[PDB]
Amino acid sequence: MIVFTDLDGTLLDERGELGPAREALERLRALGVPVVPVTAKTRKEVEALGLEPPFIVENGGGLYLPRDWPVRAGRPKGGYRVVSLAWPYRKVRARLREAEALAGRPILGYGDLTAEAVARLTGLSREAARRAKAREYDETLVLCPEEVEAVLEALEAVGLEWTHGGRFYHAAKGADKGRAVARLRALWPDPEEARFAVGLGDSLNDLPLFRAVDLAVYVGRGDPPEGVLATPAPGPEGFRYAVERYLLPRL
């Protein structure tokens, strides 16, 4: 069994911490069940949370593996090997400039904003905001509600893809949580361990995650997607509920 999990609004609470998930995470480790973060967050953010690889960052744009992963894949980088599935940030940013000219209006993202600004917009600290700005693949867009749709049309026109997390729209090319999950499973050392995958999430960018796993659990607000299990409460309490009710009684 592998548990693939989104962070914001799923494993993490409103302050970007664990809440009741802590105990749930420990039980899984004790049972030897790998837990793989799959998030819109950057590697720098995942690191600051003390999460060890493997993990999937920037909506599936990058798969970070331990340097000594038993299956050879990716490009070595320090204590990691990195499998890049998506276009680099710089290329996305260049494409955004063309989308701007098309939309006939500015399209702003984290790359355009100071860390101070990103912090204010996200409620993160300036330092956490600096980590959120260290994007390798995916751009987080800052859009006024009323312009969203015109912007999305322009993104697609210039070859970019979009999704949204809990609060923000994203632009990237080749970043998909489902693609990344499928890839990581294919690269898993023990095929039997990866045979059954669970995926938990709460927003649009998690749909691909749900599709790519065997047991999908939605811990967001409202009704889950079709074919996805639900929990009584959202977020980390959802995660806890999910492990205890759906996972442990299988372990």
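All residue numbers are counted from 1 along the displayed sequence. Think of the rigid core as the biggest set of C-alphas that the two forms share within 1.5 Å after superposition.
The higher RMS C-alpha distance to the shown form in 8 other deposited structures of this protein, out of 200-208 and 62-70, belongs to 200-208, with every structure fitted on the core. Of the two segments 166-174 and 84-92, the one whose CA positions lie farther from the displayed form in 8 other deposited structures of this protein, once all are superposed on the rigid core, is 166-174.
Legend: mean Cα B-factor per stretch from the PDB entry, 133-141 versus 69-77; the higher mean is in 69-77. Per the PDB record, of the two stretches 91-99 and 144-152, 144-152 carries the greater mean B-factor over its C-alpha atoms. Of the residues listed, 123, 174, 109, 165, the entry assigns the biggest Cα temperature factor to 123.
When all modelled residues of the chain are sorted by CA temperature factor, residue 27 is found within the highest third. Split the chain's modelled residues into thirds by C-alpha temperature factor. Residue 161 is in the lowest one.
Residue-level temperature factors show residue 211 in the middle third of its chain, judged at the C-alpha atom. Per the deposited record, the Cα B-factor of residue 33 falls in the middle third when ranked against the other modelled residues of its chain. Residue 58: CA B factor lies in the lowest third for its chain, per the PDB record.
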